[PDB]
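The data below hold one chain only, encoded as structure tokens and taken in the form deposited in one PDB entry.
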């Protein structure tokens, strides 16, 4: 059938009730400076559709949007909030966000539209956005009749679904997780995205020129060593050259043809001088295509800023992700790529970039949750955790720990956090499974509490059907009971890792909320720009650095109280590169 609603030509009093489901539709996937195609409001008085030009030009409606005492229930309120920010309109009073509610209830559902969330509660009186707008080249806003009913149906679904979603959240002990963590964070992410990060495009272009030169040199050096020209960026063409023309050993047979992955070539390097060059070529090639050309493509022509979008409802562990561009994967590990960060600068003159990061948050969280005496003491002494681990598993004094020993102990710690497995560790350290198993046994002997936790968390996952984080985020693991070893093992590793990675995510999210409250209380001009999993990047007047050096670490370190202290390091400088 059809859903009744008023297609209003002007805003009316009854459309401004103090409780309503609100839809401010932005169809463009990237909502920055994007158009709002329509508005829908559902409240105690009825269902309404408003043309944006009319609603957003009405002083009464705008005041309503900005009145924190007028409560709104929405789906992906950040999208609407940011689209409105670009129009100079403030959105306040969002008391419920269906996207975040659904995400917390079950991140694996992949809910990305009202229909998907409603289907969770057997409500299907609303169409999927894709069905209405289509996808790809066929994407398009339907005629008003169609658009209007869709927005109203979405608003009606939100209106109806709020109660049941909140009820289940409460049963899961996630009510505060939504109301006191994710929703307030949503508003903070909106400010960060809207603020954007300034890019020194002239610096990027010059780096681009220099890379084009080096890339040319390496490219020619590769054709020279191969005795012919070919597409180096073609794993297929590359494979023929390496394993056929040059007769290099085939140590890995992937899906189709051969494998020319990083660790495969790293092992082939000793056989021919071409391998090193191919690796370097790929390194520089990625910098050019993605961090030079790709980045320049998304920099706003006028402001020279990039405005990422933090997807707050995607990862299975509670982390955020970043896109167009992804500002959470800018090079830093290799010096040549790290230079890219010199192109990220403060948005105002005489300002600086300030970066604060948690030191070993994952292992500190593990110590807390597993309550391992040895691991908690290590952090209480603020020891170099990898050196300490080597001392324990290899039974040597601190002075006897060699560089190679620390390296392997470090790999063991990663394995432990990721969900330790003979095969996995062996593959990473390039050693036998038995040897890797020996390392693992030694680790558990030194950290019996961690062994206990890994055993218990897997059992708990099987009993309850899910695992939880410090702030009650959850992840269902049905595969934990699979009689297929490989499938079950994936689930077991997830049971071990999710509480760690997820809890670390919970912590920094609270740190961000606490920090913004502090910045506001102090009326500092400093503001957050980015979050990179265990670090927070801000920009501020140079005159605020001394205050930031004390405030940021303290806030981050005190976000939550664990059985071991939380440690935060920080640096600042003229560019992101210099904030080291």
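Here the rigid core means the biggest group of C-alpha atoms that line up within 1.5 Å when the two forms are laid on top of each other. Residue numbers count along the first chain shown, from 1.
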**Asked** Quick one: higher average CA temperature factor, 132-140 or 349-357?
**Response** 132-140
**Asked** Comparing 439-447 with 320-328, where is the mean C-alpha B-factor higher?
**Response** 439-447
**Request:** Between 368, 305, 85, 253, let me know which has the highest C-alpha B-factor in the entry?
**Result:** 253
**Asked** Which has the highest CA B-factor per the PDB entry: 455, 273, 173, 162?
**Response** 273
**Asked** Which third of the chain does residue 394 land in by C-alpha B-factor: lowest, middle or highest?
**Response** highest
**Request:** Please place residue 550 in the lowest, middle or highest third of its chain by C-alpha B factor as given in the entry.
**Result:** middle
**Fill in**
residue 18: CA temperature factor from the record, placed by chain third, in the highest
**Request:** Place residue 75 in the lowest, middle or highest third of its chain's C-alpha B-factors, as listed in the PDB entry.
**Result:** lowest
**Prompt:** So where's residue 506 on the chain's Cα temperature factor ranking, which third?
**Reply:** lowest
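A second form of this protein, the form deposited in another entry, is not displayed here; the remarks below concern that form.
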**Request:** Can you spot, among 309, 385, 211, 306, the one with a CA shift of 2 Å or more between the shown form and the other one after core superposition?
**Result:** 211
**Post core alignment: residue 190 C-alpha displaced by 2 Å or more between the shown form and the other one** = no
**Asked** Is there a C-alpha shift of 2 Å or more at residue 324 between the shown form and the other one once the rigid core is superposed?
**Response** no
**Message:** For a quick test of reading the superposition: does residue 135 move by 2 Å or more at the CA between the shown form and the other one, rigid core aligned?
**Reply:** no
